[PDB]
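Data block below; observations after.
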Amino acid sequence: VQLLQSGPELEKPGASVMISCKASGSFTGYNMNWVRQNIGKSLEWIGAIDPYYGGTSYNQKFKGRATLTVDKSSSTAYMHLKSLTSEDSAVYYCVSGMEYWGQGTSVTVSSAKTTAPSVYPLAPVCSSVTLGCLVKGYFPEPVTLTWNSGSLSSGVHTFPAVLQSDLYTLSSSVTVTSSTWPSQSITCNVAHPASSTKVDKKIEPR
Amino acid sequence: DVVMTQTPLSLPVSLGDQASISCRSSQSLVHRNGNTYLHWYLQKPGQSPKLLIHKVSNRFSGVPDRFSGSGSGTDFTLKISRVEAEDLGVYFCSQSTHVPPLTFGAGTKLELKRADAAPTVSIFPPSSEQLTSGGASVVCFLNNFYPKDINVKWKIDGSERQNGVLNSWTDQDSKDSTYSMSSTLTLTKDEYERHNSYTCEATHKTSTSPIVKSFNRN
Amino acid sequence: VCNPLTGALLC
């Protein structure tokens, strides 16, 4: 059993999204259930549909703002989620009979259009040294961040992006020996393809 | 709706340990028809949940012998004998007795134990480039610490600033079992220029006192 | 439809 869900969605507050779940490997023998996973990993069951006959049951919290359907010609289930707000920025799973889960579909709710980040080098104040890079104010995910074009990979912490006031921020630290920097160059490389952003920021002593 | 309380919510163990997770429901999960629709899922990092145990104690297809489910009525337990790396992730209990809605426990994170480690704290003034923008972000990294719980405050000229803080935390490091955190304080450039002393302050199990890193703006 | 994990759901 395999459940293939559609890719990431991006909407403004108030809008709706329609996400799909293509099943393979008896489509009509299992109710298709839908479950939200919120940011702190909690799970909330939204509802389910009987695909032969089309009956539905909803979590009352979602009733009236989510609609489940199927297409038997293509063994595909759908969820239409309306009334989007910031609480709906989450991962949505289809689940066949509560037994087998799809890979999930991300929905991000923000008032922002596609926005380019600013990228800042973080040099230390003034045996090991920690340097940083700040990627401030972009939308949507993802960005790619490397150090020295991927050559410098150990001693790195690149933090998950966080959405705040409609835009993402991400940061990265790298720790190297004092014999390495500033005597050898260290540059953070950032790409945000959605905004046609591609920047290299050399870490220079202040 | 049925409230499913899991304890602990974080469970650090050593490789090869026995792990035990409790799940208590706010009402009985034994249905009129005799069945107890209590199931357990595991979500490994980066993956979707997978069914482990169904109907209290039945192992699903392909699930190792070392997972066992027990309990009855309102009190359930999952036991994971000989924990290995592939077992690490978030365990959820779920009930389908009283529906709609199906409900779930909050998730218990099975994580690795190691020795306590104080964070390595680094603070970064705004870059000269950002200053030309009229915004000012100050960044603090609190890296490679254990245990996971940490609390960070920004103090400006000796006074806490709560607004404008963006925090992010890594999952447990796969190689050394530590945790890391980034905190970024964003101010306008004019606010930034009204004060001179910037401090990142953490509390953590490793010290009785605040852990601090500071700079002066000039 | 009646499914074993879900009891009375849609059943």
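Atom set for the values below is all heavy atoms of this structure, side chains included, hydrogens, waters and symmetry mates excluded. Convention: sequence-line order gives letters A, B, ...; per-chain numbering from 1.
Listed by first then second residue, pairs satisfying salt bridge (charged side-chain N to carboxylate O under 4.0 Å, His left out) with a partner in residues 116-125 of chain A number zero, not counting sequence neighbours. Residue pairs satisfying the salt bridge (charged side-chain N to carboxylate O under 4.0 Å, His left out) criterion with at least one member in residues 86-101 of chain A, sequence neighbours excluded, are listed as follows: A/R36-A/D88, A/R65-A/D88.
A donor-acceptor contact shorter than 3.5 Å is absent between the side chain of B/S159 and the backbone of B/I156. Within the 3.5 Å criterion, the main-chain N or O of A/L170 finds no donor-acceptor partner in the side chain of A/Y138. Looking at B/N151, its side chain never comes within 3.5 Å of a backbone N or O of B/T203 through a donor-acceptor pair.
For the atom pair A/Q103 CD and A/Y93 OH, the distance stands at 9.0 Å (nearest 0.5 Å). Distance check: A/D71 CG to A/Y78 OH gives 5.0 Å after rounding to the nearest 0.5 Å. Going from atom OG of B/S180 over to atom CG of B/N144 covers 4.0 Å, rounded to the nearest 0.5 Å. Taking CD of B/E201 as the start and CH2 of B/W154 as the end, the distance is 11.5 Å to the nearest 0.5 Å. Summarising the geometry, atom CZ belonging to B/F124 is positioned 9.5 Å from atom OG belonging to B/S182; distances are rounded to the nearest 0.5 Å.
For the residue pair B/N216 / B/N196, no side-chain donor-acceptor distance below 3.5 Å is found, with atom types taken as modelled. One side chain, B/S137 or B/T186, offers a donor N or O that lies under 3.5 Å from an acceptor on the other. Counted by atom type alone, A/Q164 and A/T169 present zero donor-acceptor pairs between their side chains at under 3.5 Å. B/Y179 and B/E111 form a side-chain donor-acceptor contact under 3.5 Å, judged by distance and modelled atom types alone. Using modelled atom types, one finds no donor on one side chain facing an acceptor on the other under 3.5 Å when comparing A/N33 with C/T6.
With sequence neighbours excluded, the residues that form a side-chain contact (heavy atoms from CB on, under 4.5 Å) with B/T206 are B/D116, B/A118, B/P119, B/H204, B/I211. Applying the salt bridge (charged side-chain N to carboxylate O under 4.0 Å, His left out) criterion to A/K136, with sequence neighbours excluded, gives no partner residue. With sequence neighbours left out, the salt bridge (charged side-chain N to carboxylate O under 4.0 Å, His left out) criterion links A/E9 to no other residue.
Summarising the local packing, NZ of B/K153 is surrounded by 12 or fewer heavy atoms from other residues, nucleotides or ligands at distances under 6.0 Å. Within a 6.0 Å sphere centred on CG of A/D200, heavy atoms belonging to other residues, nucleotides or ligands number more than 12.
Two rings, from B/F60 and B/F67, have their centers 6.0 Å or more apart. Ring centroid separation for the pair A/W101 and B/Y41 comes in under the 6.0 Å cut-off.
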With a 3.5 Å cut-off and sequence neighbours excluded, list the donor-acceptor pairs that the side chains of residues 10-24 of chain A form with protein atoms.
unit_1 : atom_1 : unit_2 : atom_2 : d
A/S16  : OG     : A/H80  : NE2    : 3.0
A/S20  : OG     : A/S6   : OG     : 3.4

